[PDB]
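J.:
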Amino acid sequence: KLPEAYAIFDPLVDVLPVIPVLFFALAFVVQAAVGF
Amino acid sequence: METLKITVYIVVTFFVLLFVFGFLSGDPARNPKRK
Amino acid sequence: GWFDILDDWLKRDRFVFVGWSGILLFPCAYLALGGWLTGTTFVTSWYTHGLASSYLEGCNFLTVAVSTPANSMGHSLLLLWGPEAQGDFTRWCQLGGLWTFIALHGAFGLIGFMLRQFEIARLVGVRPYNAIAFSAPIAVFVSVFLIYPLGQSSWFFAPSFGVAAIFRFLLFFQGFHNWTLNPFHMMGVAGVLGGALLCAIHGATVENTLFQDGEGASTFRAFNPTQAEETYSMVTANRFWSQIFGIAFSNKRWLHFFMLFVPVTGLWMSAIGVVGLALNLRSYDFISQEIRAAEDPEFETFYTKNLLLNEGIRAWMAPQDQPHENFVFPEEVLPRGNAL
Amino acid sequence: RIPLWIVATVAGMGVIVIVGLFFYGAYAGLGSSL
Amino acid sequence: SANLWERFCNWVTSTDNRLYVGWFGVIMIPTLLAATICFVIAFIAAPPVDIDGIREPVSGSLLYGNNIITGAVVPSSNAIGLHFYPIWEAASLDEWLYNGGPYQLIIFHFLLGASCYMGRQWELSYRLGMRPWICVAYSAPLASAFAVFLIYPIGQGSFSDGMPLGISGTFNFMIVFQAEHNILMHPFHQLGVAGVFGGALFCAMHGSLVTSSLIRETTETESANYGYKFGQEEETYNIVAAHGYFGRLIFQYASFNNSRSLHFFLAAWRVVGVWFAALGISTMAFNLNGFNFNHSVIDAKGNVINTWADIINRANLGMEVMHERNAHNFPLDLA
Amino acid sequence: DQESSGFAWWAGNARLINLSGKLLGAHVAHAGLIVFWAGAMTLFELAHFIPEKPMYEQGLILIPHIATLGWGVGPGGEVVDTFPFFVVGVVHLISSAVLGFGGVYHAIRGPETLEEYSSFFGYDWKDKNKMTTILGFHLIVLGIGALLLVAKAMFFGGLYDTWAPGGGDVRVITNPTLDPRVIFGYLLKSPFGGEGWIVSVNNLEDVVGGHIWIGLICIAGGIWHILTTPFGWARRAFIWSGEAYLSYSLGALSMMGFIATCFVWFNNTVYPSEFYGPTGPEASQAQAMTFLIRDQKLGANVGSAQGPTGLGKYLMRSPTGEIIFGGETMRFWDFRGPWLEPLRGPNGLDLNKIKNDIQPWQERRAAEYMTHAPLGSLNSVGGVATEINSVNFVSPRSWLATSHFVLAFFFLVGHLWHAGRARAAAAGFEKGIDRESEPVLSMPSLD
Amino acid sequence: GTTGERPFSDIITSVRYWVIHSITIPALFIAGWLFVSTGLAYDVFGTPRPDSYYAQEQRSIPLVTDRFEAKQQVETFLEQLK
Amino acid sequence: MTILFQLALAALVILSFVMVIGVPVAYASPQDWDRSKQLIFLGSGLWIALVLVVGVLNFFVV
Amino acid sequence: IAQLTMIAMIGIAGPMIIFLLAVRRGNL
Ligand SMILES: CCCCCCCCCCCCCCCCCC(=O)OC[C@H](CO[C@@H]1O[C@H](CO[C@H]2O[C@H](CO)[C@H](O)[C@H](O)[C@H]2O)[C@H](O)[C@H](O)[C@H]1O)OC(=O)CCCCCCCCCCCCCCCCC
Ligand code: CLA
Ligand code: CLA
Ligand code: CLA
Ligand code: CLA
Ligand code: CLA
Ligand SMILES: C=Cc1c(C)c2cc3nc(c4c5[nH]c(cc6nc(cc1[nH]2)C(C)=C6CC)c(C)c5C(=O)[C@@H]4C(=O)OC)[C@@H](CCC(=O)OC/C=C(\C)CCC[C@H](C)CCC[C@@H](C)CCCC(C)C)[C@@H]3C
Ligand SMILES: CCCCCCCCCCCCCCCC(=O)O[C@H](COC(=O)CCCCCCCCCCCC)CO[C@@H]1O[C@@H](CO)[C@H](O)[C@H](O)[C@@H]1O
Ligand SMILES: CC1=C(/C=C/C(C)=C/C=C\C(C)=C\C=C/C=C(C)/C=C/C=C(C)/C=C/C2=C(C)CCCC2(C)C)C(C)(C)CCC1
Ligand SMILES: CC1=C(/C=C/C(C)=C/C=C\C(C)=C\C=C/C=C(C)/C=C/C=C(C)/C=C/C2=C(C)CCCC2(C)C)C(C)(C)CCC1
Ligand SMILES: CC1=C(\C=C/C(C)=C/C=C\C(C)=C\C=C\C=C(C)\C=C\C=C(C)\C=C\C2=C(C)CCCC2(C)C)C(C)(C)CCC1
Ligand SMILES: [Br-]
Ligand SMILES: [Br-]
Ligand SMILES: [Fe+2]
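Residue numbers (the working numbering), protein chains in the order written: chain V, 1 to 36; chain G, 37 to 71; chain H, 72 to 411; chain B, 412 to 445; chain U, 446 to 780; chain X, 781 to 1227; chain Y, 1228 to 1309; chain W, 1310 to 1371; chain E, 1372 to 1399.
#1: Note the first and the last residue of the continuous alpha helix (DSSP H) segment covering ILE830 (chain X).
#2: Mind checking the segment 1157–1175 of chain X against chain B and listing, in chain order, the residues whose C-beta falls within less than 7 Å of any C-beta there?
#3: Keeping to the same chain, check which residues put their C-beta closer than 6 Å to that of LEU1033 (chain X); ignore five residues upstream and five downstream.
#4: Please name the residue or residues paired with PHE282 (chain H) in a DSSP beta bridge.
#5: Nearest chain X C-beta to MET608 (chain U) closer than 7 Å, yes or no?
#6: To the nearest whole angstrom, what separates the beta carbons of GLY938 (chain X) and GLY857 (chain X), a pair I think is in contact under 8 Å?
#7: Cβ of residue 435 (chain U) within 6 Å of any heavy atom in ligand 4?
#8: Could you tell me which chain U residues have their CB closer than 8 Å to the CB of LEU53 (chain G), listed as they occur along the chain?
#9: Alpha carbon to alpha carbon, how far is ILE272 (chain H) from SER231 (chain H)?
#10: Within the segment 704–775 of chain U, note down every full alpha helix (DSSP H) run reaching 4 residues or more, in order along the chain.
#11: Report, in whole angstroms, the separation of the C-beta atoms of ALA267 (chain H) and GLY607 (chain U), which I expect to be a contact under 8 Å.
#12: Please report the Cβ distance between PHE787 (chain X) and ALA178 (chain H), rounded to the nearest whole angstrom; I am assuming they are in contact, meaning their Cβ atoms lie under 8 Å.
#13: Out of U:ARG572, U:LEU550, U:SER584 and U:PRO547, state which residue places its alpha-carbon closest to the alpha-carbon of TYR562 (chain U).
#14: Please determine whether the Cβ atom of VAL808 (chain X) lies at a distance below 6 Å from any heavy atom of ligand 2.
#15: Would you report the Cα separation of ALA780 (chain U) and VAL1050 (chain X), rounded to the nearest angstrom?
#16: Between the Cα of residue 764 (chain X) and the Cα atoms of X:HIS1198, X:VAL1186, X:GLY973 and X:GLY1106, which residue gives the shortest distance?
#17: Let me know if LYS746 (chain U) comes out buried or exposed under the rule of 16 or more other beta-carbons within 10 Å of its beta-carbon.
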């Protein structure tokens, strides 16, 4: 149901929102690279 | 019954005021010392 | 002294200490934790409870388990070479074999492990209060996995290794046993609650008593490990409760031995009551009540309310729960409120 | 010598990714509702 | 010189008095007492109460239900649901009685007051230099009780389904729950057990080990619990002497080295999940119930292959049907 | 260079004393993140909403909001064009850029101090006015939005009104309610069952005509905090720590999540049942309503139909002496809505209107809200706790109620957290007590 | 105090590890996955193919009747479904 | 112009997946903070545009 | 068929923005 011309894109947008969880989840990747 | 109502409210009030008015003056200092 | 040669190796401070206990503790404590997982993910109980166990069947983590054997079995320990499977892993697998298994190995693992405390604390040199504290648990397991079954009908009716599996066990008891009304269990509760209350009253009673004997704004660097003496002033904290909740401690020596009692204690309580359920010898009715209820359609107490639940959580259950006693339950017969 | 950090991120995906297959197989698996 | 109020305000905050009467206390005590003495009496002689709407009073009590496990303080009646039933409404105290009136008055009190204890549980955390987060470990407590006295009610229609105060009423209240919300099939209720079933497991340890490691101060002449005269800044028990054991039980790195990172963990386990539970109930008071796997697992043709949790369904459907019999005239319980 | 000088790790975050442009671009960081979800998930719903199928049978909560204003409305509530939805969705994902982009700026290359460099965009927590100033400012920024609606209901496309004359249909509010009492009244009373603090909003003007009263209040507030330094009493109390400020403005939200979770759980208007779900109570009434109807048709007399409890099979009196559905549904007699009101009278339900005025449509609406009730399962399975696996919807109203609570809850314990420790900074207990002068060691020990 | 501790606290970073283990992990993963993908699993524990629970028809459940000859039952109860 | 469109945003697609990776390093890496800081305004010009390109472009769908 | 590719890409993106930042060294 993504306006026609953008159908080619639902494939991605479908995984769009699930970013935010990743962000606190990221602030962790770094911290280990810095050994806390 | 109704007569009791107010008696009850008054009390409630009399206190909160004691709670609020009370917690106000002489508080952020209410401890052993400020360092 | 070859005896000391073996000994010698054994109890040698490896990374994860082995020990004499190790020859009992470790194996059983393996095929058990193991066996569970093995059947949890591969074996079906469909021939004992006609229900799905393993993850293979489609079952969910929660809905999985190594279901006790069919009651048709009894208490026969279903040996692999037991006349039951006659010696045949595949079948012995189907006849539930893993149960007596998991249970018994875990039995000896729990033994081997309590001995796993007595060993260490005796080498390292300390009061046997850890291992002693393990009584609480050997009881609980022993009461609810061997004695219970044994004094009842089959190995069947015993708990079944899984989540939803034991969750059942629970409702089961609330139903035909009305466990929740037992003096004992109402103490187990006492233990498992307070013990937790303590575990925290004291826990955070600590984190908020100690001193500034480190620099930063974090307590992790704070003195230790065993050097300077005491982090929390048991006096400054004392007057905190003796003025809030009225009464506080004194002597961390007991506060550390009353923390042991509470749970290990109450937990043992229930374990007794539970033996009582073996012989169905439970706390279900309050005579003084049923009699005063009988002749008076106008007397209702929660007790009665609860009591009606049971019939419900029983009539509907039992049949599809106790397959071996071919329950035949007409639609009428089945009790149930008005409109529901 | 592999960065002790990357040892922890590549793996923390192993569970993070496998449990993701797990969580899918619950929407079409043998243990589906269909 | 300070006038008379400036005194009052010192008396109430005086770090001296036998039991601190902190400001919060000024609303805690008056409240707490109201409740208690009320409850304490209506637990004795409690006229027949009629919880559920239907006029069929179910009064467990003593001067009626002559027992301790039986009796309890019965809830409010659907009739006047989530509605505030102020004793001064009942055109007759006898009316305020039929309709569970005593319940509320007590509950709202013990509720708000406990909130007051919650607060005045930190008033010393400040009035006496020390870390404030003691009162915070009391969050897990309060909240919960709140979840089982206020949340569920607001959630559903009226207080009528709000943890009746009395031994057996608990159970009723509980069993109902388990039958309307698969609350035993919750990854939340898990977390109450998870921790509670932990604190019990851990209280046994720190209590264990600690006692398991005590110097040597009497030699069974009298007891060993004297190895500590109160106040001493020493630590009757040996830390590393202690860890040496648990580190030796389960491989090292697994046993606690730092003592402060220990004791904390003890509020960590309980409070963390006891909160969750508190949320769980508070969550379902809006109907986001435990897992539903009824039938889930299927067959090829389509036969229904039973999930353990399917059984759980009957022991549920069972209680489901019988609960509040003759109190609803339709087929769906939406509360 | 931190962790040694900075206090802890997990708590590593929080560095900031007088100023810091890093935490600056950190709130201007995260606060961008939020904008991202706004647009991210939006584009995730329009990318789903079936042509026409109950806006709630699909996991939609963002869309259901955008709707209430009147974007894609439809006489009845049926989406008319899946376009307005998209407009915001992207205007956000794109918006996530600006509010995001420079977020990562002040955060790594941004100038630390706000004093060395700039001097107006540099604060200091102990600075009483700087703080008291910025306040009214963002206050002003709220008084602005606080007026969009005013202008969204009065000018750019009124709100969707589920209380319209013929049925749900986005009308445009022209008579906002500007009667200081009725509007200032709501908050001023009604706490429990009778009605709700503010959860009880009959008409959509009491809201628009009210949001107006607020868009001013907070606005005339900037012109006050901006324009003014603390008064004379509040100096005392209200400890002025940086951390504390976190709590001060924190435990507010906790109160809001609650006063929030409630709105979705109960409110019929600002939360149209047509976009979200059927409010719990609305569900229970749907039940009786249905079987009252199913039955009257079979030839029964609800008017006189005697209950089994002996109370009233379909109807009974209320403590107010009014008529209300019976059985258990009595628990929800206070509930109101457009599909029942007309089938209502001067003393509660009207035996007349209830016998024939029972117009056809209501029976079905009254049905939908029965089948679809605010009850479900974690793993989304609609139906009472023990229903087979088939329908799988879980109400939005159920989802927003739960969610927020968990959050607004924790927050309350989060406000305790800081507001209690920050009371130890301006006191110095924060870090424990002093191994030599423990304040209880110099007190006449009660015994 | 005393610790006969072996490497560990680093052996994951071990250069040879993530090598002779970039072969052992997946070689173990699929090893089992086959124990599954084959259908062996079943035949191992006897677990039923989702088609072999109830015979194509009859609606009973192969509940183990007796105790001493259990297997035999299972035997005929197995061939059953056909 | 249905065609040329798809690429107008499929342009602002790979631009920003790149902007996400770039911008950061430019404020953290010593590898010249100024050459990267300037190439920074590169995509931030296409960004502003490329979307605006999909801008008035978006109206010409089917 | 499966954008399982996109999610993993977006994934590997930022956890390896740090890699490059650590292999190029850059005050993280
Ligand atoms: C008078 C003295 C009493 C003192 C109390 C002492 C205890 C205090 C302890 C905590 C503080 C509690 C303060 C009041 C709590 C109110 C709870 C409640 O049930 O409030 C009642 C109201 C009622 O809302 C509903 O409002 C409805 C209105 O909508 C209805 O009518 C509308 C208008 O027609 C529409 O038609 C709509 O469609 C229809 O559904 C109905 O009137 C319902 O009958 C009514 O229940 O709800 C709401 O106010 C919710 C929003 C505001 C209230 C607070 C929000 C949440 C608070 C929870 C905090 C406790 C959590 C525990 C703490 C954990 C650790 C500390
Ligand atoms: C007096 C000058 C001033 C003004 C006018 C503002 C205004 C604002 N600040 Mg702010 N701030 C200031 C000084 C000021 N600040 C100082 C001195 C500091 C410390 C040095 C800060 C630190 C700070 C932080 C950490 C944050 C803010 C945020 C905000 C925004 C709040 C978002 C909101 O209200 O919801 C929006 C709802 C509305 C109804 C807004 C109405 C539209 C208005 C703003 C028109 C603006 C036109 C233009 C900006 C286009 C839109 C702007 C964009 C924000 C949408 C708002 C634009 C928040 C933010 O949004 O930034 C990421 C935020 O997190 N400020
Ligand atoms: C919360 C609101 C807020 C506040 C109070 C500030 C405050 C500040 N920012 Mg800033 N910033 C914000 C939000 C905010 N920012 C957001 C949301 C972003 C990313 C979108 C940025 C990105 C950013 C950068 C890259 C820089 C700053 C700078 C600054 C400092 C001086 C520049 C400045 O503020 O110009 C005051 C603002 C105005 C006078 C408004 C002018 C608006 C005109 C019409 C257009 C501005 C240029 C625009 C056309 C082109 C944008 C590109 C830009 C990055 C150069 C000052 C402390 C630094 C600075 O420039 O200091 C000299 C600096 O290098 N900010
Ligand atoms: C092993 C099985 C098992 C276990 C371990 C538990 C464990 C628990 N269940 Mg549970 N449950 C089970 C099976 C189990 N359940 C089954 C089979 C059912 C089906 C009915 C239930 C149904 C059920 C319900 C409905 C509820 C629970 C709740 C709980 C939790 C209550 C304890 C708590 O959270 O404290 C929190 C409570 C407090 C901290 C009390 C607050 C403190 C007040 C102020 C005490 C007042 C003291 C008093 C005034 C004394 C005054 C002075 C005095 C000192 C003299 C606990 C985690 C409760 C829950 O999780 O919510 C919190 C709950 O509501 N269960
Ligand atoms: C809601 C608004 C809010 C804001 C702005 C803050 C801000 C802050 N809090 Mg905080 N807090 C809040 C709500 C808030 N809190 C609530 C509701 C609670 C519980 C009631 C807490 C409990 C709390 C504690 C105990 C501490 C803080 C601390 C802090 C400060 C350090 C920042 C920090 O550590 O994050 C940066 C990153 C983290 C904190 C890690 C977050 C991710 C965790 C570790 C999850 C780990 C993943 C893993 C699966 C966890 C398993 C579950 C298990 C942890 C239970 C910072 C000022 C610390 C402090 O004192 O300094 C101010 C501190 O020690 N907070
Ligand atoms: C998402 C919420 C959030 C935000 C806004 C911040 C913000 C901040 N944290 Mg922080 N933190 C967080 C969560 C957060 N944290 C959590 C959950 C933890 C627990 C692990 C921590 C633990 C922590 C510690 C120990 C420290 C900080 C510090 C900081 C500050 C310095 C950041 C820095 O030095 O990184 C450097 C940046 C890098 C090494 C590269 C990061 C890549 C960028 C930032 C991400 C790009 C975003 C996106 C993918 C790209 C957008 C594309 C766009 C350009 C178009 C900054 C204010 C430092 C500080 O001094 O404050 C106390 C500090 O010492 N944090
Ligand atoms: C909530 C249930 C519960 C569990 C999960 C549990 C678990 C554990 N308790 C231990 C210890 C203790 N528990 C103690 C008191 C208590 N423990 C309690 C309740 C539990 N204790 C209760 C609350 C009391 C407190 C009142 C004492 C103090 C100790 C010990 O000091 C000891 C410890 O030091 O822990 C760190 C650990 C000893 C490990 C071991 O014996 O290995 C050996 C046994 C093995 C490996 C085989 C398992 C044996 C069992 C019989 C087999 C069952 C396998 C399946 C049933 C798996 C179940 C999973 C499915 C059913 C879903 C272990 C982690
Ligand atoms: C962040 C961490 C913090 C700590 C708290 C985390 C708590 C998480 C609890 C989750 C546990 C279960 C996860 C469910 C996922 C799922 O569903 O996987 C299931 C098996 O699970 C499992 O196999 C659970 C694995 C647990 C076994 C561990 C026991 C001890 C062995 C460890 C020794 C290691 C040396 C199988 O899924 C099934 O998949 C299909 C069957 O193949 C079905 O169709 C269904 O989809 C069904 O769900
Ligand atoms: C700093 C920091 C951080 C962070 C921060 C922040 C602030 C965040 C975030 C984030 C953000 C804030 C972001 C953002 C953004 C994004 C963007 C900017 C993008 C983009 C995208 C886009 C643009 C797209 C989309 C689309 C379009 C375009 C349209 C439609 C289609 C599609 C969907 C494709 C971290 C984590 C590192 C930690 C540390 C600190
Ligand atoms: C209603 C309405 C509206 C609006 C409203 C409003 C706007 C209002 C308001 C308001 C309000 C309602 C407000 C508020 C609040 C306030 C508060 C909340 C406060 C407070 C504070 C406090 C309480 C405090 C503090 C303290 C204390 C506590 C004591 C002592 C100490 C101190 C001082 C610190 C509208 C129409 C739009 C919508 C709907 C309706
Ligand atoms: C059987 C048997 C045996 C043995 C055994 C065994 C060896 C067992 C085992 C075993 C095992 C060894 C199993 C296992 C396992 C495991 C698993 C399958 C796992 C897992 C899982 C999990 C669990 C994961 C993950 C996670 C995460 C990461 C998150 C949360 C937590 C958890 C952990 C869940 C023998 C031959 C002697 C005899 C016959 C029988
Ligand atoms: Br009942
Ligand atoms: Br009903
Ligand atoms: Fe201790």
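Where is the CB? At the ideal position from N, CA and C, for every residue including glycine.
T.: Reading from the atomic positions:
#1: For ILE830 (chain X), there is no enclosing alpha helix (DSSP H), as DSSP gives it neither H nor E.
#2: The residues in question are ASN1169.
#3: Only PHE1191 meet the Cβ criterion.
#4: According to DSSP, which records beta bridges pairwise, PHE282 (chain H) is partnered with X:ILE1213.
#5: Chain X places no beta carbon closer than 7 Å to that of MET608 (chain U), leaving this residue out of the contacts.
#6: No, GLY938 (chain X) and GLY857 (chain X) are not in contact; Cβ-Cβ is about 14 Å, not under 8 Å.
#7: Residue coverage of chain U in this structure runs from 446 to 780, which leaves residue 435 (chain U) outside it and unanswerable.
#8: Result: empty, since nearest Cβ-Cβ is about 10 Å, beyond 8 Å.
#9: Computed Cα separation, rounded: 34 Å.
#10: Entirely contained in the segment 704–775 of chain U, the alpha helix (DSSP H) runs reaching 4 residues are, in chain order, 705–729 and 753–767.
#11: That pair is no contact at about 24 Å.
#12: Contact doesn't hold; Cβ gap of about 49 Å is too wide.
#13: Proximity to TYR562 (chain U) across U:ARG572, U:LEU550, U:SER584 and U:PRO547 peaks at U:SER584, based on C-alpha coordinates.
#14: Yes, since a heavy atom of ligand 2 falls inside the 6 Å radius drawn around the Cβ of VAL808 (chain X).
#15: The alpha-carbon separation between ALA780 (chain U) and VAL1050 (chain X) amounts to approximately 24 Å.
#16: Look at the range of chain X in this structure, 781 to 1227, and you will see that residue 764 (chain X) is not part of it.
#17: Classification of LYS746 (chain U): exposed, given that the 10 Å Cβ count is below 16.
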